[PDB]
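S.K.: Questions regarding the structure given below will be posed in turn.
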Amino acid sequence: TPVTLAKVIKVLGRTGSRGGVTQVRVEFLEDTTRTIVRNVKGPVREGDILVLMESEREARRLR
Amino acid sequence: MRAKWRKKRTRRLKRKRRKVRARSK
Amino acid sequence: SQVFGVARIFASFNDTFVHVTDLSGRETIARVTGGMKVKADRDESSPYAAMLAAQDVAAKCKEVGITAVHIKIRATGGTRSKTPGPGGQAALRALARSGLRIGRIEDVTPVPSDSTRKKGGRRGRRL
Amino acid sequence: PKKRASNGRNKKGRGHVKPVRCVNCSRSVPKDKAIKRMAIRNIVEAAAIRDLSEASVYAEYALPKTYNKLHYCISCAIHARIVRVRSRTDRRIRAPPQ
Amino acid sequence: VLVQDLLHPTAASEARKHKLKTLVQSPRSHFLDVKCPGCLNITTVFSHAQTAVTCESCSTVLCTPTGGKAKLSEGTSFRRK
Amino acid sequence: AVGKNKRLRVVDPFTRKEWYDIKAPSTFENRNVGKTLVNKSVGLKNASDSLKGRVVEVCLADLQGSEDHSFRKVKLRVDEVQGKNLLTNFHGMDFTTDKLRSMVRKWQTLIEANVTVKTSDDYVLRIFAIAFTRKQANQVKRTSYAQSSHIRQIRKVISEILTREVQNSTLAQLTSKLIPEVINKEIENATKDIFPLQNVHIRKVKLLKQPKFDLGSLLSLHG
RNA sequence: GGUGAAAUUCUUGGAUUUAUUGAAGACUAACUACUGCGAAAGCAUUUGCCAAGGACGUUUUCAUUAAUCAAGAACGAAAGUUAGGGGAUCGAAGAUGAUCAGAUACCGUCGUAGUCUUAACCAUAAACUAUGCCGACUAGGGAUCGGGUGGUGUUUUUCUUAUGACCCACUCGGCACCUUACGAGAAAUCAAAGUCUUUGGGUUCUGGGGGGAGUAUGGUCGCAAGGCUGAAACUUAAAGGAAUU
Ligand SMILES: [Zn+2]
Ligand SMILES: [Zn+2]
Numbered sequence: 001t002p003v004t005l006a007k008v009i010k011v012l013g014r015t016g017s018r019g020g021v022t023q024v025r026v027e028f029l030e031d032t033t034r035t036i037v038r039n040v041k042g043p044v045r046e047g048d049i050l051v052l053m054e055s056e057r058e059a060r061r062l063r
Numbered sequence: 001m002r003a004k005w006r007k008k009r010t011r012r013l014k015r016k017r018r019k020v021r022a023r024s025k
Numbered sequence: 001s002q003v004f005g006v007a008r009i010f011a012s013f014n015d016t017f018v019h020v021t022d023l024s025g026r027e028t029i030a031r032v033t034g035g036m037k038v039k040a041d042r043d044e045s046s047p048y049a050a051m052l053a054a055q056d057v058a059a060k061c062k063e064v065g066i067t068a069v070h071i072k073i074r075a076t077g078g079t080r081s082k083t084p085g086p087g088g089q090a091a092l093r094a095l096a097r098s099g100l101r102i103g104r105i106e107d108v109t110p111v112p113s114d115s116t117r118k119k120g121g122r123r124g125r126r127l
Numbered sequence: 001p002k003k004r005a006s007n008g009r010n011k012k013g014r015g016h017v018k019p020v021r022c023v024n025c026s027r028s029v030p031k032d033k034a035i036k037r038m039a040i041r042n043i044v045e046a047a048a049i050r051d052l053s054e055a056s057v058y059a060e061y062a063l064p065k066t067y068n069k070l071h072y073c074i075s076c077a078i079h080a081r082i083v084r085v086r087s088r089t090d091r092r093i094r095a096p097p098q
Numbered sequence: 001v002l003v004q005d006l007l008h009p010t011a012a013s014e015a016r017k018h019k020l021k022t023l024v025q026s027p028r029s030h031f032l033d034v035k036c037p038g039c040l041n042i043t044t045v046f047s048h049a050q051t052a053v054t055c056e057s058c059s060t061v062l063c064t065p066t067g068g069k070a071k072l073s074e075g076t077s078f079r080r081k
Numbered sequence: 001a002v003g004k005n006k007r008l009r010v011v012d013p014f015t016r017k018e019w020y021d022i023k024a025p026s027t028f029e030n031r032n033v034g035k036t037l038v039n040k041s042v043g044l045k046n047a048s049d050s051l052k053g054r055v056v057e058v059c060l061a062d063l064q065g066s067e068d069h070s071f072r073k074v075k076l077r078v079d080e081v082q083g084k085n086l087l088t089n090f091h092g093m094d095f096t097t098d099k100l101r102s103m104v105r106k107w108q109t110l111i112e113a114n115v116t117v118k119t120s121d122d123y124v125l126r127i128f129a130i131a132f133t134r135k136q137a138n139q140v141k142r143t144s145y146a147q148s149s150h151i152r153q154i155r156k157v158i159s160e161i162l163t164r165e166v167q168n169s170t171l172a173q174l175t176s177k178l179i180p181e182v183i184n185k186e187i188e189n190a191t192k193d194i195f196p197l198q199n200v201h202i203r204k205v206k207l208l209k210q211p212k213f214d215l216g217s218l219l220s221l222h223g
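Protein chains in written order, with the working numbering: chain P, 1 to 63; chain F, 1 to 25; chain D, 1 to 127; chain Z, 1 to 98; chain R, 1 to 81; chain E, 1 to 223.
Here it is as structure tokens:
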């Protein structure tokens, strides 16, 4: 379970079936300054650094 | 107008139906 | 070198099938498939069921060696649920990242040219 | 009273229409009055375009935007939260915002 | 509106109007001198012949059936009456 | 158990079976598309018997190279054994259900027609056709609707071209007319005066009946 | 199989699945739309035949020829009825597991028969656009289907205008819509409910508080089912429509 760490440059806005995924823009520090966003939920601000698993992922709407 | 007493009327006309049936049959 | 086929994914709202089928058109392998593994009796059609079935498919593929197939993402059709639910996505994705040869994803949802009337009486279901 | 001039149907010169069934509950409904929907939707989630694009021979397969048609009796069409209710003085506008 | 003078309306009013609705009733369409390439059968045919009118002398059928206004069959010269 | 056996391991298909090879009609670049497996070809009910006659859907971009041979698929018929190979005869061609579903959009009509025609050979073939209302270069009429008499004129026209082509030649040359969609171009140029009529295409060519043995083409496909 | 979750299934004598071929019947989804056609019930594929019909064309003719209309007739959604015909995942009652405080409301499986055709009834409905049918006059816009009226318009070039195709200017006819009244209205709202105490263009109708009750009783139509016409006595001072809190 490779672990990587990310910070949000700008929060986007909650969305989901009933509030599913907390949009947390994962600037995984090894490839910081990018806009790739992955599966994150939780309380949200900007300034924290948390854990993301995959370095590279894509996604459409979480229907 | 209120259809709840109309549902009463529906039911009781089914009643008249069975009763006139029993007499006439 | 390559041999192609169709995995014949069969996505319902319950217990989605998988069956490797070469382009011979009538040749599946090991009917024992996803109707076996997630024995929670309501996870038969869950994304985890799909992904696990997909590792089963990758293993089956390698032990039979046909690296390639084609993709018919399928609904139940008839008079019910002509849009496959979740019971297809994870199996596809894990098969894709499971060392196979992808090709020709397509839609065989059989919308009938106006066949029989649907089921449930005029009023239908209640909720 | 007089709520929806079209009776929420939009035929207004007709007076019979062949029925149409649901697909979430399998309930009938008049066609024009009903709420069905077209889905020009992606064949696969773009949470897969990378892997699928790579492990595909004949590089750059078309990636077809599949279509479909769902049929909802207004029951399912508000139970599954498609159409959102409004007021009177706002209901009038028809042109969907997206 | 709110003032007008309709007794002798300007011609464009009628031109933009339909008969049977004008001020002074009148029709639109009119006759035509059909002139055949052959013998100079200087004939008269109305603009809506409605029927297979033919030249008297030579069988050079002139006005084909139409929806409305006649159609000269590409050979005759017409003189508006 | 939950899966019940009221009563009222499986190993090694591979050795208990064998592969056999696609052998496409000569009009295709590749005389092979894929493999099949089948019971070991021991006589006394040779499974090669329960091999002849099968059908297979394949890609024509695959057997003629160019990708634009994509959204049609060709059905081929298994005919007879050549040993490790199967020279398949032609059986038909359709769109891919997705693409045909794709061209159907709103605010334009469809125009459909059917026909059934015989051939130079004795192979009775049913053929269909679809077409649609073009929207003129300067066209603003969002509708683009095709009034009925126009429909019937165009439909008949299609029937005459197809009749002029089918009942006139052999199977492989029919495929050759098909793959270039020359028939398409004939239709377009003939019909363009009637109505703009774009997305004109064909489809769904199917077999009905053939004479009993006809070893002729079944052996002439290859030497 | 299932929503919030179970029973009932054949088979290791073969199965929910895989394709390969045979038969009934329903209906033409997608395009199928604030879009057609009819009197209204309705009617969706393609074709032939049969007539019918409307609308527009009209420098044809008949010369008040008519509009509605108790009596009388025709059609008449779906249900049912008689017989015959067909007999399939799409079915009232009846079986059938749990939700079972109680399921003979829900809900899954099995499912007669109406579901369909032919011969006859049957004559209702949320047959409501809840706006009877004519016809006469008035407000502004745009779209749209069937016609035509012009335009060197454009493209296809059968072709030059146009008739194919469109485009733009004018209409006349089909379902309408959005601003909208000063005028209505009790109001929600009005393209008819406009032109109404500043009361009358003409006709066919139907009802005077609610129940009792469209009930009883007579006729009458039908084989019943059933309608059609259908009162009181007694009881009661409110039922009730819109609209706001
Ligand atoms: Zn529904
Ligand atoms: Zn002459």
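Even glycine gets a Cβ: it sits at the ideal position worked out from N, Cα and C.
#1: Less than 7 Å separating the Cβ of residue 25(Z) from some heavy atom of ligand 1?
#2: Could you check the C-alpha separation between residue 13(D) and residue 84(E) for me, to the nearest Å?
#3: Quick check: the stretch 176-190 of chain E against the stretch 34-51 of chain E, are at least 3 beta-carbon pairs closer than 8 Å?
#4: Indicate, with yes or no, if ligand 1 has a heavy atom lying under 7 Å from the CB of residue 28(Z).
#5: When we look at the beta-carbon of residue 93(E) and count the other beta-carbons within 10 Å, is it buried (16 or more) or exposed?
#6: Applying a beta-carbon distance threshold of less than 9 Å, which residues of chain D neighbour residue 58(Z)?
#7: Check residue 150(E) in the structure and name its three-state DSSP category.
#8: Would you kindly work out how many angstroms separate the C-alpha atoms of residue 78(Z) and residue 49(E), rounded to a whole number?
#9: Residue 14(P) CB to nearest chain Z CB: under 8 Å?
#10: Report the CB separation of residue 44(P) from residue 21(P) in whole angstroms; it is logged as a contact under 8 Å.
#11: With 8 Å as the threshold, decide whether the Cβ of residue 62(Z) is near any Cβ in chain E.
#12: Can you list, in chain order, the residues of its chain whose CB lies under 8 Å from that of residue 28(E), leaving out five sequence neighbours each side?
#13: Output needed for residue 65(Z): all residues of its chain with C-beta closer than 8 Å, excluding positions within five of it in sequence on either side, in chain order.
#14: Mind listing, in chain order, the continuous alpha helix (DSSP H) runs of no fewer than 4 residues lying wholly within the stretch 44-77 of chain Z?
#15: The stretch 44-56 of chain Z: which residues have C-beta closer than 8 Å to a C-beta of chain P, in chain order?
#16: Based on the DSSP output, what are the partners of residue 20(E) in its beta bridges?
#17: Check this for me: beta carbons of residue 77(D) and residue 110(D), under 8 Å apart or not?
#18: Under 8 Å between C-beta atoms, does residue 101(E) make it to chain Z?
#19: Verify the contact flag: residue 121(D), CB atom, against every heavy atom of ligand 1, threshold strictly below 7 Å.
#20: How far does the alpha helix (DSSP H) with residue 63(D) in it extend, from its first residue to its last?
#21: Three or more C-beta pairs closer than 8 Å, one from the stretch 45-61 of chain D and one from the stretch 12-28 of chain E: is that the case here?
#22: Looking only at its chain, what residues have a beta carbon closer than 6 Å to the beta carbon of residue 114(E), apart from the 5 residues adjacent to it on each side?
#23: Between the alpha carbons of residue 101(D) and residue 139(E), how many angstroms are there, rounded?
#24: Could you work out which residues of chain E lie near residue 77(D), taking near to mean beta carbons separated by less than 9 Å?
#25: I'd like the span of the beta strand (DSSP E) that includes residue 72(D), first residue to last.
M.R.: Based on what the coordinates show:
#1: yes
#2: 42 Å
#3: no
#4: Remark: the shortest separation between the CB of residue 28(Z) and any heavy atom of ligand 1 does not fall under 7 Å.
#5: buried
#6: 103 and 104
#7: helix
#8: 58 Å
#9: no
#10: Not confirmed; about 11 Å, so no contact.
#11: Under the 8 Å criterion on CB atoms, residue 62(Z) is classed as interfacial with respect to chain E.
#12: 60, 63 and 64
#13: Short of 8 Å from the beta carbon of residue 65(Z), and not among the five residues preceding or following it, lie these beta carbons of its own chain, in chain order: 40, 41, 42 and 43.
#14: Along the length of the stretch 44-77 of chain Z, whole alpha helix (DSSP H) runs at least 4 residues long occupy 49-54, reported in chain order.
#15: 45, 46, 47, 48, 49 and 50
#16: DSSP links residue 20(E) through a beta bridge to 36(E).
#17: With respect to the 8 Å criterion, residue 77(D) and residue 110(D) are classified as neighbours on the basis of their beta carbons.
#18: yes
#19: Residue 121(D): no, Cβ never under 7 Å from ligand 1.
#20: 47-64
#21: no
#22: 128
#23: 46 Å
#24: Correct list: empty, because the minimum Cβ distance to chain E is about 12 Å.
#25: 71-73
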